[PDB]
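A.B. asks: Before I ask anything, here is the structure I am working with.
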Amino acid sequence: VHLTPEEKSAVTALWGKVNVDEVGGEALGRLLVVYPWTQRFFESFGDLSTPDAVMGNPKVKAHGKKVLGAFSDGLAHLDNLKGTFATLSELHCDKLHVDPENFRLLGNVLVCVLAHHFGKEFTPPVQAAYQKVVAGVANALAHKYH
Amino acid sequence: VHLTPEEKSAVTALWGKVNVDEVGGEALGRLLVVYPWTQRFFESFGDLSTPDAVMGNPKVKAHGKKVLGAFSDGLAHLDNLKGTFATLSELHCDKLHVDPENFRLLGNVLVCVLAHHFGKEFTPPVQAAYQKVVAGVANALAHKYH
Amino acid sequence: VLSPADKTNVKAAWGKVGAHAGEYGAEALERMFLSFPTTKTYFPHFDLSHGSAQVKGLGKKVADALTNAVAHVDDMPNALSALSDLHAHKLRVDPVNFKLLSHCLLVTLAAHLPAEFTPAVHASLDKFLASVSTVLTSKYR
Amino acid sequence: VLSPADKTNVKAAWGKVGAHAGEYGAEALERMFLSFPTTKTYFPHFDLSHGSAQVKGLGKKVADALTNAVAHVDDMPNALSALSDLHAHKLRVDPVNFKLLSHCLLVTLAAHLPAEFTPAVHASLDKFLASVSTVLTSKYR
Ligand code: HEM
Ligand code: HEM
Ligand code: HEM
Ligand code: HEM
């Protein structure tokens, strides 16, 4: 994926304001609520019975923090997403067998979370830059299927 | 994409029996009939009003022959599909803006055409080998979107 | 299948959107054009630049269709029948593209509805737009 | 929306399939497992190898569900309601996977129906399996 300098600027400027202890949990939780089949992979997380239970579930927050850490790592290596995500690709594809469509869904959920958090600041060009990023991460995470 | 020697054997053995003057036309026609939004890209082909008109349309047959030629070229370069499809990727992505989901659909249509033509010979393992191939061609054709 | 709670949530969100619906429709379209450039090919006769009267006009119509769906939520196939004919038969809109605009509609609502865009309402809105998309792609022949 | 011609075509194809329906269901499943290995994870308690009694048994049930849909084609949401509950709520089947099995069902019919699998009937069958898939994915909550 190829981000222009203006797109890189848009992405990094916003990301610097992200609360990295919360946003990942927020995105993972919303994934589990909005696309409930994904709960299949998180049976050990316990109570996922209601939206409030999901969002307040400490393991959801903890795991989301790890997910976001990986997005941050991609943001720092936009020109080598494949290598950055290589070991995670083996995990999600070879070991977990998550359908890669769900990588796209999570990315789009993150985009919704950023829009909710930043409001008017999350402009259409800023979103477009972020869509390139999350598409890139999804494609890299899915490399073992390719 | 990585085909085993047994998968390569399955694919090449069947392909040697394919009528390359017809099968591409058959796959392209069925694409236009089954997924009619694709007709959007072939307005100049003339009469596409009925299945019979589509299948008997000489431009559909002629164009399908070219498509199949590209599949054949991929079959001869299974370990370098990206390079093989580079110029076609620029055409379909950068110039035509075809959504890459349709590359998957055409591949699956080709698989149905092969199943129809070969019957019991198109076994489940043979199909599985072909699915790797058409997924690979679709991913390579879609590289400019990545 | 939209549940009673989903219908409540969707009605609540669109109530808050209120009279900004048209503007938000235009914004969602712009987000789609910028984020997913393949979608632009359906609009060769549009100027898609920011502030375009044509995008604004279409945004109003899109919003009107969605509001019609909300208002007749238990009869959406009938309500959107003419629009499903248009998008499938005449426009030949790739079904994939409905997911793209649906996402951009959610993003737009999220960017304008701090209090309302809860995870539950997010889920309800996604189901609603999936239902609309299902009707709008039901007429390919 | 299945047209009168679609319903005719689908009834005609399944008529020819006749009593092989169960066997074909099993075959379609095997094709799915081999072609799309991610699908195998739903069946950890199955032996998925060729000739498996469990795959055969499930193939019969799948065929029975499809025949029920054909037989009540204008009432498919009702006919398949219990199955849609099962696949969404209990099994948590990823909606993507319905397209995979649908494709494998078409391939199986194509491999067994030389005369019947015309482009028109192919199109009708695809619409029918898309309709079934739509019902089976309507119950996520
Ligand atoms: C962009 C998309 C995604 C990213 C960046 C991501 C990232 C991560 C990370 C960083 C971990 C921690 C791995 C470790 O402990 O070293 C993880 C684990 C895991 N992920 Fe994801 N993930 C994504 C999508 C998904 C999706 C969509 C699912 C299921 C729907 C999923 C299921 C899991 C599971 C079940 C684990 C735990 C694996 C284990 O501990 O054995 N992931 N992921
Ligand atoms: C695996 C999938 C596909 C392959 C291998 C393929 C291959 C080809 C080939 C070999 C050509 C001839 C290019 C030339 O004249 O040098 C072509 C042209 C074309 N293709 Fe495809 N194609 C695929 C999918 C599609 C799909 C799904 C669509 C639309 C739904 C499409 C639309 C077109 C159009 C409109 C042209 C003519 C371009 C022009 O002459 O300006 N293609 N393709
Ligand atoms: C929520 C989904 C959608 C809704 C509610 C919707 C609604 C509408 C409405 C109300 C119109 C105006 C019809 C008229 O003027 O008679 C329209 C036109 C149109 N739509 Fe959509 N639409 C949706 C999705 C899409 C998508 C995904 C695309 C393509 C990417 C698309 C492409 C078009 C085009 C090309 C026109 C004609 C514009 C013109 O030439 O004036 N629509 N749509
Ligand atoms: C045309 C689409 C489908 C039809 C008609 C269908 C039908 C059925 C039927 C009739 C049963 C037996 C229910 C019972 O025993 O009470 C079943 C079970 C099951 N299905 Fe499906 N199904 C479809 C698609 C799928 C897909 C795509 C998947 C996953 C990839 C799936 C996964 C399962 C699983 C895991 C079971 C339970 C098997 C067991 O534990 O005994 N189904 N399905």
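Residue numbers (my numbering), protein chains in the order written: chain A, 1 to 146; chain B, 1001 to 1146; chain C, 2001 to 2141; chain D, 3001 to 3141. The beta carbon of each residue, even a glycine, is placed where N, CA and C say it ideally should be.
On the three-state DSSP scale, how would you describe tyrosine 2140 of chain C?
C.D. replies: DSSP places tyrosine 2140 of chain C in coil when its eight states are reduced to three.
A.B. asks: Show which residues of chain B have a CB atom less than 8 Å away from the CB atom of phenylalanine 3043 of chain D.
C.D. replies: Simply none; closest approach about 16 Å.
A.B. asks: I need the straight-line Cα distance from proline 1125 of chain B to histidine 2050 of chain C, nearest angstrom please.
C.D. replies: In a straight line, the C-alpha of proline 1125 of chain B is about 52 Å away from that of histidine 2050 of chain C.
A.B. asks: Taking beta-carbon pairs under 8 Å, can you tell me which members of the stretch 3021-3032 of chain D lie near chain B?
C.D. replies: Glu3027, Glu3030, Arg3031
A.B. asks: Over what stretch of residues does the alpha helix (DSSP H) that includes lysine 2007 of chain C continue unbroken?
C.D. replies: Per DSSP, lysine 2007 of chain C belongs to the alpha helix (DSSP H) from 2004-2017.
A.B. asks: Judging by CA-CA distance, which residue of D/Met3032, D/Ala3071, D/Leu3080 is the nearest neighbour of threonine 3137 of chain D?
C.D. replies: D/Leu3080
A.B. asks: In chain A, which residues lie less than 7 Å from residue 2976 of chain D when you measure between Cβ atoms?
C.D. replies: Since the first residue of chain D shown is 3001 and the last is 3141, residue 2976 of chain D is not available in this structure.
A.B. asks: Against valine 3096 of chain D, what residues of chain A qualify as contacts under a CB-to-CB distance less than 7 Å, listed in chain order?
C.D. replies: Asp99, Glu101
A.B. asks: For the stretch 1021-1042 of chain B, list every residue whose C-beta sits within 9 Å of some C-beta in chain A, in sequence order.
C.D. replies: none
A.B. asks: Taking 8 Å as the cut-off, does the CB of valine 2093 of chain C come closer than this to any heavy atom belonging to ligand 3?
C.D. replies: Yes, the Cβ of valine 2093 of chain C comes within 8 Å of a heavy atom of ligand 3.
A.B. asks: Between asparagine 1019 of chain B and ligand 1, is there a pair consisting of the residue's CB and a ligand heavy atom that are separated by less than 8 Å?
C.D. replies: no
A.B. asks: Mind the definition here: the stretch 2089-2103 of chain C touches the stretch 18-37 of chain A only if three or more C-beta pairs lie below 8 Å; say whether that holds.
C.D. replies: no
A.B. asks: What does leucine 3034 of chain D touch in chain B if you count any residue whose Cβ is under 8 Å from its own?
C.D. replies: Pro1124, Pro1125, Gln1127, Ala1128
A.B. asks: Counting beta carbon pairs with one atom in the stretch 2067-2076 of chain C and one in the stretch 2121-2141 of chain C, are three or more of them shorter than 8 Å?
C.D. replies: yes
A.B. asks: If we cut at 9 Å on Cβ distances, does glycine 83 of chain A have a partner in chain B?
C.D. replies: no
A.B. asks: In angstroms with no decimal places, state the Cα-to-Cα distance between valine 113 of chain A and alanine 27 of chain A.
C.D. replies: 6 Å
A.B. asks: Please check the pair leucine 3002 of chain D and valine 3073 of chain D, which I expect to be a contact at CB under 8 Å, by giving their CB distance rounded to whole angstroms.
C.D. replies: 6 Å
A.B. asks: Using a Cβ-Cβ cut-off of 7 Å (strictly less than) and excluding sequence neighbours within five positions of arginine 40 of chain A, which residues of its own chain qualify?
C.D. replies: none
A.B. asks: Assuming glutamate 3023 of chain D is part of the alpha helix (DSSP H), what are its boundary residues?
C.D. replies: 3021-3035 is the extent of the alpha helix (DSSP H) around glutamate 3023 of chain D.
A.B. asks: I'd like the span of the alpha helix (DSSP H) that includes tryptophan 15 of chain A, first residue to last.
C.D. replies: 5-15
A.B. asks: Closest by CA to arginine 3031 of chain D, which one among D/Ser3131, D/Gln3054, D/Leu3106, D/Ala3123?
C.D. replies: D/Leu3106
A.B. asks: Relative to the alpha-carbon of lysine 144 of chain A, which residue among A/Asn80, A/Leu68, A/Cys93 has its alpha-carbon at the smallest distance?
C.D. replies: A/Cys93
A.B. asks: Checking contacts by CB at 9 Å: is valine 1133 of chain B closer than that to chain D?
C.D. replies: no
A.B. asks: Suppose you measure from the CA of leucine 2113 of chain C to the CA of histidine 2103 of chain C; what does that come to, to the nearest Å?
C.D. replies: 15 Å
A.B. asks: Taking 8 Å as the cut-off, does the CB of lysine 66 of chain A come closer than this to any heavy atom belonging to ligand 6?
C.D. replies: With respect to ligand 6, the structure offers nothing, as its ligand set consists of ligand 1, ligand 2, ligand 3 and ligand 4.
A.B. asks: Taking only beta-carbon atoms, is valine 3093 of chain D less than 9 Å away from chain A?
C.D. replies: yes
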